[PDB]
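All remarks here apply to the structure that follows.
Worth knowing before you read on, the calculation uses all heavy atoms, side chains too, and leaves out hydrogens, waters and symmetry mates. Index from 1, following the sequence.
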Amino acid sequence: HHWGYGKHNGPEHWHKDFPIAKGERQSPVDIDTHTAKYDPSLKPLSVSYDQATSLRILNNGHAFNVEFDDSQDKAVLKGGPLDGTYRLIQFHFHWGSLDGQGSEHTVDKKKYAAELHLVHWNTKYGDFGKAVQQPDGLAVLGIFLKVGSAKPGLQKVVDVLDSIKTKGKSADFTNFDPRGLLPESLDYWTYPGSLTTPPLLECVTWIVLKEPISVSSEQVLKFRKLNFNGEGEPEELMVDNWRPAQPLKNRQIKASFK
Ligand SMILES: NS(=O)(=O)c1ccc2oc(NC(=O)c3ccccc3)nc2c1
Ligand SMILES: [Zn+2]
């Protein structure tokens with residue numbers, strides 16, 4: 001399986017190995033702000049990251065993941081559209097070659113410079129691998145990044161990137177507090193969708209925050225020094241690792257706010 005984000009192996013090719021690429025609940029999507037409806041039945045969103053235990057940061061050849069210890073209920077997402085408890089397992093980003101593109105979701109067709117995904121699995125299924133086989137198995141909290149002032153809570157991540165430049169490299173990454181990546185408001189849009197990379201499984205409740213975070217140009221420029229390739233291989237900068245918006249089909253995007 002040699003999928004990626006080049007001309008020869010990018011998102012337009014993925015359907016050949018992963019037919020669900022052309023499925024009925026694929027992600028990301030465009031969020032039309034004038035079509036999404038406020039839903040008063042949405043319960044309040046509860047982001048409880050006080051006991052989060054980060055462990056490691058990994059360049060997987062597609063992005064970099066900050067991995068958490070999820071062997072107990074240490075950092076959980078609840079409320080909003082969700083039933084039950086969803087446990088934080090990792091976060092990562094998608095970003096562009098230029099500030100004008102990079103996000104996977106769009107807002108009225110606007111692309112942001114990047115998009116953070118905090119990935120959580122539904123604890124009624126016991127483990128992540130079982131959760132991804134269920135329509136309600138994962139909740140991904142998506143947060144847009146725009147370029148402006150620096151995000152201080154991001155800098156520990158930025159400064160470790162030098163040590164994981166190439167595919168397969170990892171570093172110790174303990175005591176990182178993901179609350180420093182959140183915007184002030186938790187206002188959100190929600191819809192049923194998928195993983196945005198292969199295997200493209202249709203197992204995700206998407207919760208996309210309306211308020212972006214600001215990061216500095218220097219911060220995002222460091223993301224773009226990463227490599228898709230392994231050590232000693234020809235250098236391919238890790239940029240433009242985003243899937244474009246997919247058909248909405250028979251779905252409704254709900255707003256948590258008036
Ligand atoms: N862009 S996305 O839709 O948020 C997205 C896309 C693809 C993903 O594959 C994984 N797997 C694990 O984290 C994992 C965790 C435990 C064991 C194996 C894998 N999370 C993903 C999130
Ligand atoms: Zn993602």
For this session: Start with the C-alpha distance between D162 and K222, add both sets of side-chain angles, then the distance that settles salt bridge (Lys or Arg N to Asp or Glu O under 4.0 Å), and finish with yes or no.
Result: CA-CA 8 Å; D162 273 350; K222 289 174 174 168; over 6 Å; no
For this session: For residues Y191 and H105, establish whether the separation of their ring centroids is below 6.0 Å.
Result: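 Aromatic pair counts; centres sit under 6.0 Å.
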Between [X] (side chain only) and [Y] (backbone N and O only), is there a donor and an acceptor less than 3.5 Å apart?
X: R87; Y: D70; result: yes
X: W3; Y: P11; result: no
X: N122; Y: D136; result: yes
X: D108; Y: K110; result: no
X: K151; Y: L182; result: yes
X: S214; Y: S149; result: no
X: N59; Y: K165; result: yes
X: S54; Y: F173; result: yes
X: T190; Y: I207; result: no
X: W121; Y: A139; result: no

Min side-chain heavy-atom separation [X]-[Y] under 4.5 Å:
X: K124; Y: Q134; answer: no
X: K156; Y: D177; answer: no
X: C203; Y: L195; answer: yes
X: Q133; Y: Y125; answer: no
X: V29; Y: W189; answer: no
X: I253; Y: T35; answer: no
X: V119; Y: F128; answer: yes
X: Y5; Y: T197; answer: yes

Exercise. Any idea how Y49 and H120 line up, ring-wise: parallel (<30°), tilted (30 to 60°), or perpendicular (>60°)?
Worked result: parallel
For this session: Using the six-membered ring wherever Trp is involved, compare the ring planes of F68 and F91 and label them parallel, tilted or perpendicular (cut-offs 30° and 60°).
Result: tilted
Establish whether [X] and [Y] are linked, either directly or via other cluster members, by ILVMFWY side-chain heavy-atom contacts under 4.5 Å.
X: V147; Y: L154; result: yes
X: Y112; Y: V215; result: no
X: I213; Y: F176; result: yes
X: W14; Y: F228; result: yes
X: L77; Y: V208; result: no

For this session: Any chance you could lay out the side-chain contact (heavy atoms from CB on, under 4.5 Å) test for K225 and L221, step after step, and finish with the verdict?
Result: CA-CA 7 Å; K225 295 178 92 148; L221 282 159; over 6 Å; no
Measure across [X] and [Y] and return the closest heavy-atom pair with its distance rounded to 0.1 Å.
X: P178; Y: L118; result: CB-CD2, 4.3 Å
X: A171; Y: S163; result: CB-OG, 3.6 Å
X: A114; Y: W95; result: CB-CB, 3.7 Å
X: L42; Y: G80; result: CD2-C, 4.0 Å
X: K249; Y: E24; result: CB-O, 3.7 Å
X: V47; Y: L186; result: CG2-CD1, 4.1 Å

In Å, rounded to the nearest 0.5 Å, how long is the span from [atom1] of [X] to [atom2] of [Y]?
X: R56; Y: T174; atom1: CZ; atom2: OG1; value: 13.0 Å
X: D50; Y: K74; atom1: CG; atom2: NZ; value: 10.5 Å
X: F144; Y: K210; atom1: CZ; atom2: NZ; value: 11.5 Å
X: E233; Y: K167; atom1: CD; atom2: NZ; value: 7.5 Å
X: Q219; Y: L161; atom1: CD; atom2: CG; value: 10.5 Å
X: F93; Y: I143; atom1: CZ; atom2: CD1; value: 9.0 Å

Exceeds 12 heavy-atom contacts within 6.0 angstrom, atom [atom1] of [X]:
X: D73; atom1: CG; answer: yes
X: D83; atom1: CG; answer: no
X: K146; atom1: NZ; answer: no
X: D159; atom1: CG; answer: yes

Problem set entry | Full working for side-chain contact (heavy atoms from CB on, under 4.5 Å) between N229 and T166 | CA-CA 6 Å; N229 53 284; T166 49; 4.0 Å; yes
For this session: Establish, from distance only, whether the side-chain atoms of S185 and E211 form a donor-acceptor pair under 3.5 Å.
Result: no
For this session: Before giving the answer on side-chain contact (heavy atoms from CB on, under 4.5 Å), spell out for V157 and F64 the whole-Å C-alpha distance, their side-chain angles and the decisive distance to 0.1 Å.
Result: CA-CA 10 Å; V157 170; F64 65 85; 3.5 Å; yes
Exercise. Going through the distances and angles, do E235 and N227 end up as a side-chain hydrogen bond (donor to acceptor under 3.5 Å, both in side chains)?
Worked result: CA-CA 7 Å; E235 185 173 37; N227 282 189; 2.9 Å; yes
For this session: Test side-chain contact (heavy atoms from CB on, under 4.5 Å) on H117 and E104 and set out the steps.
Result: CA-CA 10 Å; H117 290 166; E104 298 211 296; 3.1 Å; yes
For this session: Output every pair passing side-chain hydrogen bond (donor to acceptor under 3.5 Å, both in side chains) with a member in residues 237-248, not counting sequence neighbours, ordered by first then second residue.
Result: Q26-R243, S97-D240, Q101-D240, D240-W242
